[PDB]
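These notes are about the structure you will find just below.
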Amino acid sequence: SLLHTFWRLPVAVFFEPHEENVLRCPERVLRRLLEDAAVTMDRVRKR
Amino acid sequence: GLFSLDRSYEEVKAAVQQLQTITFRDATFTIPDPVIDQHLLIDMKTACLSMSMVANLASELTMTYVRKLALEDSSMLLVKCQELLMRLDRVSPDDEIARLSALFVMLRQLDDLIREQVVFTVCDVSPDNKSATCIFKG
Amino acid sequence: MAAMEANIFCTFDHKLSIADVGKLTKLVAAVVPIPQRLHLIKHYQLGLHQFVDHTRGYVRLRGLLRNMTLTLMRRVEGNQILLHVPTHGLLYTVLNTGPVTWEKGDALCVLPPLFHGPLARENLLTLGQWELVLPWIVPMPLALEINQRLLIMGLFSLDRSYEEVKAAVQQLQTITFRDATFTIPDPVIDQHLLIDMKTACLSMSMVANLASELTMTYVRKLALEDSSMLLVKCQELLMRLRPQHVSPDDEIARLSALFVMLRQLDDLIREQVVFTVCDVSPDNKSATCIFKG
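Chains as they are written, first to last, in full-length UniProt numbering: chain U, 2 to 42, 54 to 59; chain W, 154 to 243, 259 to 306; chain L, 1 to 241, 255 to 306.
This is how it looks when you write it as structure tokens:
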């Protein structure tokens, strides 16, 4: 499910979060997100 | 001078015919040819050989040196540079020392053409255009 | 404030001997770096002794020396040094101190000194843990060679060992400009050298890109027909192994940008002409010069 980046070589970052938005999160916090996102969510009327 | 060796073809004679004349304000003036009798003078031979050498070494060593520098890349600029060079591109260290010194000596044998120091700047010309007043500059 | 005064009186605050003033009166019409440009400065700012860091970074000192003020020395009397500031393009003489031979018609440049040791025996004003070290005035070939060799050492010191770089240090430091030997005093890798290397590699990639077809393959075409000593000396420094298209209105802009890029490369080692000697003295100690500063 990996994306197709246009730029071939990865670019270094030193930007403070006011300047730009980044996706720096590892896999384990996203496993926590999957655990917290998967579990968080008639005939009697005619009778 | 760079069209010296391939002078035999029929298009490049018209190309150097186009290149032979210049245009200024009402000056449709043309220059003599540097090549005489289908072989270049040693002066312009050195002048063109320096350019061909610096191009052929820049297209060879800069990739290795920019990928050496890319681990200490502390700017958002050198990575675009090496990406550009990678998109173009599709031993004992004394050879590297000799190649870098050859690069810089062929640069040193070139500085007669890379620039020109301003000498005079006009201030007012004479009417009928035969003399002017110029402050001298170094 | 008042403007740039023509006269800077340097006053030695110490007591002095007689022999030190005897050396001081020999050093008239020499060059000094001055950072302050007041009227009645002390002797601390006079000379490069304020700049000797514990690394003595030669590219750092080389970058710092151009930022100072070159000034000439005159009127060596008792505890007074009349420093004549320079002006654009006048004619007054100089006096060299380094053992670099001079000829006529060439340019000159200011530089930090070379092979810095007491074996050279600089008799340069020892008093009060302060030695007046003077900037060398060298001609343009020696200055271009030392700048290109320092840039070669900077660019070469990437991703290599701690023995092959020492093998390059012991090989490269010898200079034999005009039958005289000069070594490089303590060259260190530095951040100033690093950013100059960065600009140099970017300019090298820009000439690698902006070169056209014929502008690269001209030497390969010439190696098929003509044969000289220069081509066999350079072609075995290159690699081993009918124009298809040609458009002169494209090549004109190609070389128009290419000269700009080669200027941007070569300006990093050909620093600034600061003196152009018209004629010299035959004993090669002084010279009549043009364009002070």
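Just so you know, even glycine gets a beta-carbon here, dropped at the ideal spot from N, CA and C.
Query	Result
C-beta neighbour in chain W for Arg74(L), strict 8 Å	no
Integer-rounded CB distance, given that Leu108(L) should sit under 8 Å from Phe288(L)	4 Å
C-beta atoms of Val133(L) and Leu124(L) nearer than 8 Å	yes
Whole-angstrom C-beta distance between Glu225(L) and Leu158(W), which should lie under 8 Å	6 Å
Residues sharing a beta bridge with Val293(W), DSSP	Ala300(W)
Element boundaries [beta strand (DSSP E), containing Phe182(W)]	180-183
Touch test, the region 76-85 of chain L against the region 18-37 of chain L, Cβ-Cβ under 8 Å, three pairs minimum	yes
Assigned exposure category for residue 251(W) - 16 Cβ within 10 Å defines buried	Since the model of chain W passes from 243 to 259 in one step, residue 251(W) is not part of what is shown.
Element boundaries [alpha helix (DSSP H), containing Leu70(L)]	Unbroken run through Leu70(L) is the beta strand (DSSP E), 69-77; no alpha helix (DSSP H).
Interface residues of chain W facing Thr101(L) [CB-CB closer than 8 Å]	None at all; the shortest Cβ gap to chain W is about 20 Å.
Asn96(L) (DSSP reduced to helix, strand or coil)	coil
Proximal residues to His116(L) (C-beta, below 7 Å), its chain only, five neighbours per side dropped	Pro185
Proximity test, Cβ basis, 8 Å: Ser205(L) and chain W	yes
Neighbouring residues, chain L, relative to residue 256(W) (Cβ below 9 Å)	Since the numbering of chain W jumps from 243 to 259, residue 256(W) cannot be located in this structure.
When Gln285(L), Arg255(L), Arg74(L), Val100(L) are compared against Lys221(L), the one with the closest alpha-carbon	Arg255(L)
Check whether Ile265(W) and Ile175(L) have beta carbons under 8 Å apart	no
Enclosing beta strand (DSSP E) for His84(L) [first to last residue]	80-84
Distance, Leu281(W) Cα to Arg240(W) Cα	30 Å
C-beta neighbour in chain W for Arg25(U), strict 8 Å	no
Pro35(L) vs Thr11(L) beta-carbon contact at 8 Å	no
Cross-chain neighbours of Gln148(L) in chain W, by beta carbon under 7 Å	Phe272
Under 7 Å by beta carbon: chain U residues contacting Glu225(W)	In chain order: nothing, as chain U lies at least about 11 Å away.
Range covered by the beta strand (DSSP E) that runs through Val52(L)	That residue, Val52(L), is in no beta strand (DSSP E); it is neither H nor E in DSSP.
Same chain only: Cβ atoms within 6 Å of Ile189(L), ignoring 5 sequence neighbours per side	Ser157
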